[PDB]
């Protein structure tokens, strides 16, 4: 057909198989989750969006899945990210120094996927799904990440780290999901510091991006929540990963 219902990409192909296989694999690798019944996980995941209008999804819709995907992560080793997931993943993969949301079962299940259903049919919509801007914010994908993100941020303690894309027009974007959900769900009772790592996109010699107006804004927001703020430039992400891999044996 020549025009879809919604403005965004449709459900990722073979969504049900893909999720179930991810669950099986995750629960094989991670002993803490060994027990989890993946079929129950798929049923709860399905239950959140199937037969529901995909502009009328709620955090409650995901509660059965949230319950099944309950999981402890070391609260003091959390790595958040904004618009720079790939480096965050490359980093934690070296020796599991920190944990991103994609290191949890629910994050791993949904990473890079799109999904939505239809009001009053129980079919998965493989043709289109709502775009967060053009169509609706309360869509299955966006609501999932908000709900799961909030719980992950709420669990953090001590020093929480965040990678930010220093190549972007706004290094910290107050209106990003990171800025609108994660930042505001850190618990001041538990979190001592948020430390931002500003990832330079620019070759060689660049600015102290910890001085960027948007970084000062982040610092102000965080500080006003009674959490300390720290910031570091990562000038060369390639050299950084090399140093993480081969710590100070080398020019690190």
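Positions refer to the first chain, counted from 1. The term rigid core refers to the maximal set of C-alpha atoms that superpose within 1.5 Å between the two forms.
Relative to the displayed structure, the C-alphas of 93-101 lie farther away on average in 4 other deposited structures of this protein than those of the other candidate, with 75-83 and 93-101 compared after rigid core superposition. The rigid core fit leaves 175-183 as the farther-lying stretch in 4 other deposited structures of this protein, judged by Cα positions and set against 175-183 and 149-157.
Taking the PDB entry as given, 122-130 carries the higher mean Cα B factor of the two stretches 78-86 and 122-130. Comparing 212-220 with 195-203, the higher mean C-alpha B-factor in the PDB entry belongs to 195-203. Per-chain ranking of the deposited C-alpha B factor places residue 73 in the highest third. Among the modelled residues of the chain, residue 142 sits in the lowest third by CA temperature factor in this PDB entry. Looking at the C-alpha B-factors along this chain, the one for residue 168 belongs to the highest third. Among the modelled residues of its chain, residue 12 has a C-alpha B-factor that falls in the middle third according to the deposited record.
Compared with the other modelled residues of the chain, the Cα B-factor recorded for residue 188 ranks in the lowest third.
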